[PDB]
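Trainee: Structure provided below as C-alpha cells; questions to follow.
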Amino acid sequence: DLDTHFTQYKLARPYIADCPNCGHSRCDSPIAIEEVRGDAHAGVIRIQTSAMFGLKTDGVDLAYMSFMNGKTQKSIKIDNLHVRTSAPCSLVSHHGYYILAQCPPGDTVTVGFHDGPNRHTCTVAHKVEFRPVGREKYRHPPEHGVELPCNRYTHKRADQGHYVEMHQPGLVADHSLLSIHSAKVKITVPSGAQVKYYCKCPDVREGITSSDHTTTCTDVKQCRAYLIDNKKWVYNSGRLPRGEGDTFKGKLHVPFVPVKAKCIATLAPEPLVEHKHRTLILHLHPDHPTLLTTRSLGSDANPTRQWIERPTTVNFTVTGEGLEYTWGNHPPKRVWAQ
Amino acid sequence: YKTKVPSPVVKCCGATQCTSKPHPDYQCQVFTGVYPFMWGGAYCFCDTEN
Amino acid sequence: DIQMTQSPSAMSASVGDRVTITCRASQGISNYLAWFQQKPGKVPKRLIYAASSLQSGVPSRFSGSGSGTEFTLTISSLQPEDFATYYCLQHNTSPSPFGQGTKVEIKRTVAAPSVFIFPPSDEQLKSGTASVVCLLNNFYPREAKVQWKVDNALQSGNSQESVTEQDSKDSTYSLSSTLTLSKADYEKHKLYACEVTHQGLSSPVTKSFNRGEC
Amino acid sequence: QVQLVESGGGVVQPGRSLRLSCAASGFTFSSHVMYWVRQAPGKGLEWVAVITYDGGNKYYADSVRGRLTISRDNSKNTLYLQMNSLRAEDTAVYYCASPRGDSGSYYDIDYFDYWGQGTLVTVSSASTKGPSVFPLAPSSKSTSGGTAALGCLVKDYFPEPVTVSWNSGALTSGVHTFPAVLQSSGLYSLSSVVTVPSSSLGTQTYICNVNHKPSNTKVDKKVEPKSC
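Protein chains in written order, with the working numbering: chain A, 6 to 343; chain B, 913 to 962; chain C, 191 to 404; chain D, 87 to 314.
This is the structure:
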C-alpha cells in the first residue's frame, strides 16, 4: 500500500539548494528545481524538486508536504502548489522529491507553493516542447480520434524500474550558530547535532564538538559554524557540497518511470477524392499540420512526403502499376488506372 | 543520455587532486579562487586557497 | 583545549564502602564522557559511557551521574577487585583528554615504618661513588617524609625515592631513599643520618651511622 | 576475538625517529576509527592521536602536534604512529585502541573499548649497560625488634628491566624489589631488600640473583654482615 515505500519515506530529508531564478535573483530556495525531464509525448512532465512532497514528519501521509525552513523540517498541508509554464499547468501526482504534472508548451518551468506569509517559489530555464504521437502536429490531446502506442510517465508510484543514489548530507553552513557571550563566541546545538568550530585567530582549528565555546577568538565574522545532521540522508544533488566521507547507500526508487501507454491521437478530416484520367485529384482540408506520404507501387518507389497545413489540392500520377497514399493517421489505401 | 553529476566536493583551504574514475566519459576538473556563499552566509574565508 | 580535573587524586577506602569520584571538565561536554578502571600493569577497561550507560558485563555496583561540566563515578559497595586507578575521559571533542586518574587504595590501620640504614659497600667505594640507602618498611598511610642529614647538615637534591605498590597481604607500603655522593664527599663527612617523619611515629625516627665504624 | 598487537617500540636517541605499528584482527579494521594513547612510567593516561576509517582526518594532542604523525593501511589492517624529533618526555608505553566495533564517517560516541597490550618507547641517549650489584649488608643499624634487613643495590643499568630474586627464588617472604629510578646520568638504579630473623644471619646464606637480559648480565651477589 502507500506505506510500503519506507526507504524514501523515512530516510530522505528535504534539502535546500541554489535556485537560479528564486523570485528576483538566485536565492537558496527549499524548492530548488533539478532534473526537469520533459521527454514524454502527451505533455506530462516529471520534476525532481528539492522539497519532499507527500509525507508528514510523523511517518507517512499524502495531503502534506515536507520542506526545510532553517535547520528544521517545517512540514505543512500542501494547499496551493503551482506548476507553471507559458501557461499554468495542472499537476497530476506528487511523491517525495518528484512531482508529475501536465503542462502546455512553453520555455520555462516554475514550481511553488505559497505557505501564506511567504511564497517560496522557484523557476529554471528549460524549454518544454510537446510532439503529439502520430502524423499530425497537433497541440492538445483531442476528445476523439484513433489511438497510437505513445510513451509517457505512469501516475503509479509503487515501481522499482530505476534507482537513484542517496548518501550522507554534506557540512551545511549556518552563520546563526556563532553567537557571543560578550567575552567570547558561544556555539550551540539544537538537538543531537555535532557542529564544527573554526576561527581565523590562531586557535584549535578542528573544533568538532557538541554545545561548547571558543578558546580565544572573538570576532564572529572571523569564524565558521558548520552543522552536521547525519541522522537523515539527502539526494545526490549537484548543487550541494559533498560530504567528506563515504557514499552512503540506499537506492530511492524513481516514483514515475516511463511506460508504453496508449494516447488518443487526432484524426484528420477525410480527403475528398476526385478521379481523373491516370491522375488522382485529392482535395485536402487539414485542421492541423499533418504529414502526407505517398509512394508508387511499381518497381520505382518514387516517394513523396510533404507536410500540408493550409487546405490545398494536390494531384498524383496513378499509373497502371498502382499508387498508395497515407493521409494523416488514416490506414493506407491503394488505387488503379484504366 | 543523462548527465548524472554527483555532489561536488569543496575544501576551504588547500587544493584537492582528482582521480580518473572508470565511469564512462568521466570528466573531472578542479576550480580555484571560488568563494561560495550558501544558506547561512559564506562557506570559507581562505580567499585564495579555496 | 578542554582539561579534565579529577577529585580526589587518591583515596583510601574499605571493602563495602561507598566510593564517589568526581570529574570536572573545563568546558561543557554535554554527556559525551566515559570512565575507565586500570589495575597495576594492566590495560585500561571501560566501565561507563554517555555519563551513565553501564558497560555490558560490568558489575551493577558501578554507577554514573552528572551533565555539562560536572560528572561522577559511584561504586555503591567497593569490592576487593575494585582497588585500582579510575580515569574519566571526555569524548565530545578531539583532542579527547583523560583526567589525572583517581587511585583507590585499601584503607588499613596506621602502621609505623621500620627504618633501616645501609652504608655504601666497600666495592662501590672502589668505583668512586657512595650510595647510602634508607629503607622504610611496611608502613601505612603512604605519606612519609625522609630527610638526609650529613654531619647534621640537611641534604637536598642528592637523593631519590622509590615506593612499592600497596602490598597485597598486609596493605602496607615500603619506601627506599638513596642518597648518592661522590667518594670524595662521602670521605669528608662522618655522621650519616636518615630522619623519617610518618603519621604512625609520635616523633621523627632517626637512623644513623658514623663512617668507618662497624 | 578482537585483537590489537603493537610493535616497533624500543630504545631511541633524542631527536631520532621511530615508527610504531599496530596489527588488528577479529573485526573490520577498514570501517572503524583508530586511536593512540600513551602512559609514561608511573603517570596517568595521555590521549595522543586519532585517525578516521579512511585516513582523511587526523588529530593530535598539542604536546605531540608537528612531531607525531598517525597513519593507517586498511589493506594491511595496520595502524601506524610515525614519531619524529623524539624527546625524553615521549618515553611511555604506547597503546593502540579503537571504539566498540561499529562504524561512522566523522562521528564517534563509543570511545576506547578494544585495546592492545602496549609497546614501550624509551627516549634516551644512554647505551645498553649491565648493572653493578652492591650488597646492602645487614648491621646493628639495619636491625629492629629481632628482624634484620638486608638487600642488593642494582645500580647504573640501561635499559629496563632487571629482575631480582633471592636464593634462586626460594626466598619470597618479606622481599621488596623497588621500582627503578632514572638517575641524572640517564641510567636506572633499584634496590631489592628482604627482612629476615636476626638469628638467621650467622647460619643462613642470602644471595640476590640479578638478571639484566638486555646486556646478557647475570650476577649472583652474596650478602653478608660486614665483618668488623
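We put the beta carbon where it would ideally sit given N, CA and C, even for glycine.
Does the beta-carbon distance from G231 of chain C to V300 of chain C come in below 8 Å?
Mentor: At least 8 Å separates the beta-carbon of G231 of chain C from that of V300 of chain C.
Trainee: Just to confirm the assignment, what range does the beta strand (DSSP E) spanning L239 of chain D have?
Mentor: Run containing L239 of chain D: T233 to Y243, per the beta strand (DSSP E) assignment.
Trainee: Compute the Euclidean distance between the alpha carbons of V209 of chain C and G291 of chain C, then round it to the nearest angstrom.
Mentor: 14 Å
Trainee: Taking Cβ positions only, does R229 of chain A come closer than 8 Å to chain B?
Mentor: yes
Trainee: Please list the partners that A178 of chain A has in chain B, where partner means a Cβ-to-Cβ separation under 8 Å.
Mentor: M950, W951, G952, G953, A954 and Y955
Trainee: For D251 of chain A, return the contacting residues in chain D, with the cut-off set at a CB-CB distance below 7 Å.
Mentor: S191
Trainee: Quick one: which chain C residues come within Cβ less than 8 Å of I185 of chain A?
Mentor: By Cβ distance, chain C contributes nothing, its closest Cβ being about 16 Å from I185 of chain A, past 8 Å.
Trainee: Under 8 Å, Cβ to Cβ, is there at least one residue of chain C near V88 of chain D?
Mentor: no
Trainee: Under a three-way DSSP split, which group does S286 of chain C fall into?
Mentor: coil
Trainee: To the nearest angstrom, how far is the alpha carbon of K144 of chain D from that of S157 of chain D?
Mentor: 8 Å
Trainee: With distance defined between alpha-carbon atoms, name the residue in C:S346, C:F306 and C:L344 nearest to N327 of chain C.
Mentor: Sorting C:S346, C:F306 and C:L344 by C-alpha distance to the C-alpha of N327 of chain C places C:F306 at the top.
Trainee: Roughly how many whole angstroms lie between the Cα atoms of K201 of chain A and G212 of chain A?
Mentor: Spanning the two alpha carbons is a distance of roughly 5 Å.
Trainee: Determine contact between the region 296-305 of chain D and the region 259-274 of chain D, defined as no fewer than three beta-carbon pairs at a distance below 8 Å.
Mentor: no
Trainee: For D179 of chain A, which residues from the same chain have a beta carbon less than 7 Å from its beta carbon, with the 5 sequence-adjacent residues on both sides left out?
Mentor: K76, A230 and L232
Trainee: Using a Cβ cut-off of 8 Å (strictly closer), state whether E211 of chain A contacts chain C.
Mentor: yes
Trainee: How about the region 10-29 of chain A and the region 235-251 of chain A: do they share at least three Cβ pairs that are nearer than 8 Å?
Mentor: yes
Trainee: Please list, in chain order, the chain D residues whose beta carbon lies closer than 9 Å to that of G248 of chain A.
Mentor: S191 and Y192
Trainee: Which residues mark the beginning and the end of the beta strand (DSSP E) in which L16 of chain A is found?
Mentor: First-last for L16 of chain A: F11 to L16, but that is the alpha helix (DSSP H), not the beta strand (DSSP E).
Trainee: What is the DSSP secondary structure of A374 of chain C, counted as helix, strand or coil?
Mentor: Helix.
Trainee: Run through chain D and tell me which residues come within less than 9 Å of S311 of chain C, C-beta to C-beta.
Mentor: Per Cβ cutoff of 9 Å: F220, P221, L222, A223, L239 and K312.
Trainee: With a cut-off of 8 Å, does the C-beta of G318 of chain C fall near any C-beta of chain D?
Mentor: no
Trainee: Work out the CA separation of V49 of chain A and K916 of chain B for me, nearest whole Å.
Mentor: 22 Å
Trainee: Helix, strand or coil: how does DSSP classify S250 of chain C here?
Mentor: coil
Trainee: Between which residues of its own chain and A241 of chain C is the CB-CB distance below 7 Å, once the five residues before and five after are set aside?
Mentor: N221, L223, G254, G256, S257 and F261
Trainee: Buried or exposed: where does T322 of chain A fall if 16 or more other Cβ atoms within 10 Å of its Cβ makes it buried?
Mentor: Looking at its Cβ environment, which holds fewer than 16 other Cβ atoms inside 10 Å, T322 of chain A is exposed.
Trainee: Starting from the Cα of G121 of chain A, find the closest Cα among A:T318, A:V114, A:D84 and A:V129 and give me that residue.
Mentor: A:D84
Trainee: Classify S284 of chain D as helix, strand or coil using the three-state DSSP reduction.
Mentor: helix
Trainee: Got a sec, what are the start and stop residues for the beta strand (DSSP E) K132 of chain A sits in?
Mentor: It spans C127 to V133 - the beta strand (DSSP E) in which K132 of chain A sits, taken as one unbroken run.
Trainee: Could you confirm whether any beta carbon from chain B is found closer than 8 Å to the beta carbon of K205 of chain A?
Mentor: Under the 8 Å criterion on CB atoms, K205 of chain A is classed as interfacial with respect to chain B.
Trainee: Distance, Cα to Cα, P303 of chain C vs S202 of chain C?
Mentor: 18 Å
Trainee: Label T214 of chain A either buried or exposed according to how many other C-beta atoms from any shown protein chain fall within 10 Å of its C-beta, with 16 as the threshold for buried.
Mentor: buried
Trainee: In whole angstroms, what separates the C-alpha of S361 of chain C from that of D312 of chain C?
Mentor: Linking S361 of chain C to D312 of chain C through their CA atoms gives a straight-line distance of about 35 Å.
Trainee: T299 of chain A and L328 of chain A - do their beta-carbons sit closer together than 8 Å?
Mentor: yes
Trainee: Please list the partners that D33 of chain A has in chain C, where partner means a Cβ-to-Cβ separation under 8 Å.
Mentor: Result: empty, since nearest Cβ-Cβ is about 30 Å, beyond 8 Å.
Trainee: Buried or exposed for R140 of chain A, going by 16 or more other Cβ atoms inside 10 Å?
Mentor: buried
Trainee: With DSSP run on the structure shown, which of helix, strand or coil describes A45 of chain A?
Mentor: Reduced to three states, the DSSP call for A45 of chain A is coil.
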